[PDB]
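The next block holds one structure in the form of structure tokens; read it before the comments.
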Amino acid sequence: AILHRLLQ
Amino acid sequence: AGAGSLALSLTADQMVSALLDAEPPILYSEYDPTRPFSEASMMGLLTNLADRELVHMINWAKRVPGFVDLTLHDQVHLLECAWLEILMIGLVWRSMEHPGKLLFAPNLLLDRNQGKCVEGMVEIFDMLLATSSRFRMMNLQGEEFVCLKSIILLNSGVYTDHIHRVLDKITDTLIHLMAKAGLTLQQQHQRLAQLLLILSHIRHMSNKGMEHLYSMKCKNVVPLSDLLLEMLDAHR
């Protein structure tokens, strides 16, 4: 889940 | 929760300043096309541009007042729902002062007939053109555009209470901008409705766009990024 890593 | 948020204490002028500061850069195509395009080279340029825009869209979303007060879970859901609507309002905004054309990038201005290269693309280009022309007719200002881009982010996943409080603050800001520009109360309420009704057309173009991107996926015309494959997956 890329967006989770970029949003954190 | 989002109780006690700075975003709700902002003035209209401070909300506009926060929104302007958050703006992503206008991206160039990292490639010029050889003229003419194929299905594969057009979709390649748009998909590549879109992937690069998404990275900056993520940094933008974080500087949107109220957004980072949400769980990382809800932040993911809102971007997953809104991202193409966000790319699209940006495209139609940049394309305003380019009648009959879509400014994908300063070095990638297309008219509707170059849209014909890809299968089903021409109908969406026309809707994008019409939206761009409606903004031009309405003389959409930069401050109004950043408000609308923020509403799209906050609104497009809410049913798809803090989010409601932040959307109310963004409505107050638009009306402020309109009062300040010398619009009567009647003209303010009429412009607000006219702009918000356009958001339902942008939702529409986004849903058709996504059907098209899923056609293109299946076809395996062009490779998509992992990030772009996740965004598609989110809309099935």
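Numbering starts fresh at 1 for the residues of each chain in the structure tokens, the chains themselves are lettered A, B, ... in the order given, and ligands are numbered from 1 as they appear.
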
I need the residues of chain A that end up classed as helix (DSSP H, G or I) by DSSP on the backbone, written out as a tab-separated table (two decimals) with N, CA, C and O atoms, in the first residue's frame.
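New file part_33.tsv:
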chain	number	residue	atom	x	y	z
A	2	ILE	N	1.17	1.79	-1.18
A	2	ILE	CA	2.19	2.85	-1.41
A	2	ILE	C	1.67	4.17	-0.83
A	2	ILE	O	2.43	4.92	-0.21
A	3	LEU	N	0.41	4.46	-1.08
A	3	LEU	CA	-0.16	5.77	-0.69
A	3	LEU	C	-0.03	5.87	0.83
A	3	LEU	O	0.35	6.92	1.31
A	4	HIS	N	-0.30	4.79	1.57
A	4	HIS	CA	-0.12	4.76	3.06
A	4	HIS	C	1.30	5.19	3.43
A	4	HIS	O	1.44	6.08	4.31
A	5	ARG	N	2.31	4.70	2.71
A	5	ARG	CA	3.71	5.02	3.05
A	5	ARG	C	4.00	6.48	2.68
A	5	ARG	O	4.72	7.15	3.45
A	6	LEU	N	3.47	6.96	1.54
A	6	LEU	CA	3.73	8.35	1.06
A	6	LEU	C	2.97	9.33	1.94
A	6	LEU	O	3.54	10.37	2.25
A	7	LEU	N	1.77	8.97	2.41
A	7	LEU	CA	0.94	9.91	3.22
A	7	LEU	C	1.47	10.04	4.64
A	7	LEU	O	1.31	11.15	5.22

Show me, as a VMD selection string, the residues that have an atom within 6 Å of stretch 11-22 of chain B when counting only C-alpha atoms, minus same-chain residues fewer than 6 positions from it. chain B and resid 60 63 173

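Ranking B:230, B:125, B:142, B:46 by their shortest atom-to-atom distance to chain A, with only C-alpha atoms included, puts B:230 first.
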
If you count only C-alpha atoms, which residues fall within 12 Å of stretch 156-161 of chain B, apart from same-chain ones fewer than 4 positions away, as a PyMOL selection string? chain B and resi 1-3+66+70+73-86+148-152+165-168+199-200+202-204+206-207+234-235

Selected residues, C-alpha atoms, written as a PDB file, in the first residue's frame, please.
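File again31.pdb, as written:
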ATOM      1  CA  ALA B   1     -11.997  13.343  15.363  1.00  0.00           C
ATOM      2  CA  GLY B   2     -10.568  16.715  14.184  1.00  0.00           C
ATOM      3  CA  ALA B   3     -11.776  18.711  17.246  1.00  0.00           C
ATOM      4  CA  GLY B  66      -8.088  19.799   7.785  1.00  0.00           C
ATOM      5  CA  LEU B  70      -7.851  12.610   9.488  1.00  0.00           C
ATOM      6  CA  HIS B  73      -6.841   5.416   6.600  1.00  0.00           C
ATOM      7  CA  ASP B  74      -9.298   8.247   5.684  1.00  0.00           C
ATOM      8  CA  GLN B  75      -6.515  10.278   3.950  1.00  0.00           C
ATOM      9  CA  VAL B  76      -5.798   7.278   1.661  1.00  0.00           C
ATOM     10  CA  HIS B  77      -9.554   6.808   0.909  1.00  0.00           C
ATOM     11  CA  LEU B  78     -10.013  10.528  -0.029  1.00  0.00           C
ATOM     12  CA  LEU B  79      -6.994  10.608  -2.388  1.00  0.00           C
ATOM     13  CA  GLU B  80      -7.946   7.177  -3.903  1.00  0.00           C
ATOM     14  CA  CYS B  81     -11.458   8.590  -4.630  1.00  0.00           C
ATOM     15  CA  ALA B  82     -10.430  12.135  -5.755  1.00  0.00           C
ATOM     16  CA  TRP B  83      -7.075  11.843  -7.604  1.00  0.00           C
ATOM     17  CA  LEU B  84      -8.354  11.910 -11.235  1.00  0.00           C
ATOM     18  CA  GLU B  85     -10.954  14.602 -10.433  1.00  0.00           C
ATOM     19  CA  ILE B  86      -7.962  16.537  -9.006  1.00  0.00           C
ATOM     20  CA  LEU B 148     -12.651  23.993  -5.503  1.00  0.00           C
ATOM     21  CA  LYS B 149      -9.619  21.611  -5.696  1.00  0.00           C
ATOM     22  CA  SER B 150      -9.789  21.369  -1.893  1.00  0.00           C
ATOM     23  CA  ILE B 151     -13.563  20.722  -1.929  1.00  0.00           C
ATOM     24  CA  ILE B 152     -12.969  17.901  -4.439  1.00  0.00           C
ATOM     25  CA  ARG B 165     -16.859  21.502   9.139  1.00  0.00           C
ATOM     26  CA  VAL B 166     -13.844  21.987   6.844  1.00  0.00           C
ATOM     27  CA  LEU B 167     -16.044  22.074   3.655  1.00  0.00           C
ATOM     28  CA  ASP B 168     -18.242  24.709   5.431  1.00  0.00           C
ATOM     29  CA  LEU B 199     -17.860  19.748  -9.627  1.00  0.00           C
ATOM     30  CA  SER B 200     -20.624  17.176 -10.460  1.00  0.00           C
ATOM     31  CA  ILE B 202     -15.858  16.807 -12.960  1.00  0.00           C
ATOM     32  CA  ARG B 203     -17.031  13.765 -10.892  1.00  0.00           C
ATOM     33  CA  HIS B 204     -18.717  12.475 -14.125  1.00  0.00           C
ATOM     34  CA  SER B 206     -13.561  11.184 -13.543  1.00  0.00           C
ATOM     35  CA  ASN B 207     -15.910   8.127 -13.534  1.00  0.00           C
ATOM     36  CA  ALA B 234      -9.322   1.448  -5.309  1.00  0.00           C
ATOM     37  CA  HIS B 235     -12.104   2.165  -7.950  1.00  0.00           C
TER      38      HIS B 235
END

Please identify every residue of chain B that has at least one atom no more than 7 Å from any atom of chain A, counting only C-alpha atoms, and report them as a list in words. residues 58, 72, 76 and 227 of chain B

Would you mind reading off the distance between atom CA of residue B:120 and atom CA of residue B:50, one decimal, in Å?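 Computing it gives 18.2 Å between the two atoms.
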
Could you list, as a list in words, every residue within 8 Å of residue B:177, counting only C-alpha atoms and ignoring same-chain residues fewer than 3 positions away?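 Here the qualifying residues turn out to be residues 12, 143, 144, 173, 174, 180 and 181 of chain B.
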
Write the residues of the preceding selection, restricted to N, CA, C and O atoms, as a PDB file, in the first residue's frame.
ATOM      1  N   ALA B  12     -10.789  33.311   6.090  1.00  0.00           N
ATOM      2  CA  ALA B  12     -10.871  33.150   4.633  1.00  0.00           C
ATOM      3  C   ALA B  12      -9.516  33.503   4.002  1.00  0.00           C
ATOM      4  O   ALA B  12      -8.991  32.662   3.238  1.00  0.00           O
ATOM      5  N   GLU B 143      -7.782  31.981  -6.778  1.00  0.00           N
ATOM      6  CA  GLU B 143      -8.188  31.767  -5.373  1.00  0.00           C
ATOM      7  C   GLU B 143      -9.411  30.839  -5.336  1.00  0.00           C
ATOM      8  O   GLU B 143      -9.531  30.046  -4.408  1.00  0.00           O
ATOM      9  N   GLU B 144     -10.344  30.999  -6.262  1.00  0.00           N
ATOM     10  CA  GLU B 144     -11.569  30.157  -6.338  1.00  0.00           C
ATOM     11  C   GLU B 144     -11.124  28.750  -6.748  1.00  0.00           C
ATOM     12  O   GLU B 144     -11.625  27.790  -6.193  1.00  0.00           O
ATOM     13  N   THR B 173     -15.066  30.766   2.675  1.00  0.00           N
ATOM     14  CA  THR B 173     -13.920  31.410   1.984  1.00  0.00           C
ATOM     15  C   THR B 173     -14.345  31.851   0.588  1.00  0.00           C
ATOM     16  O   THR B 173     -13.967  32.986   0.216  1.00  0.00           O
ATOM     17  N   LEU B 174     -15.014  30.986  -0.188  1.00  0.00           N
ATOM     18  CA  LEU B 174     -15.413  31.322  -1.596  1.00  0.00           C
ATOM     19  C   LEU B 174     -16.308  32.564  -1.580  1.00  0.00           C
ATOM     20  O   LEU B 174     -16.229  33.374  -2.482  1.00  0.00           O
ATOM     21  N   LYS B 180     -15.666  40.285  -1.597  1.00  0.00           N
ATOM     22  CA  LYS B 180     -14.477  41.144  -1.835  1.00  0.00           C
ATOM     23  C   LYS B 180     -14.402  41.605  -3.300  1.00  0.00           C
ATOM     24  O   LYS B 180     -13.887  42.717  -3.533  1.00  0.00           O
ATOM     25  N   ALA B 181     -14.830  40.792  -4.268  1.00  0.00           N
ATOM     26  CA  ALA B 181     -14.685  41.106  -5.717  1.00  0.00           C
ATOM     27  C   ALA B 181     -15.798  42.058  -6.161  1.00  0.00           C
ATOM     28  O   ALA B 181     -15.798  42.409  -7.341  1.00  0.00           O
TER      29      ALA B 181
END

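Here atom CA of residue B:170 is placed at a distance of 6.3 Å from atom CA of residue B:147.
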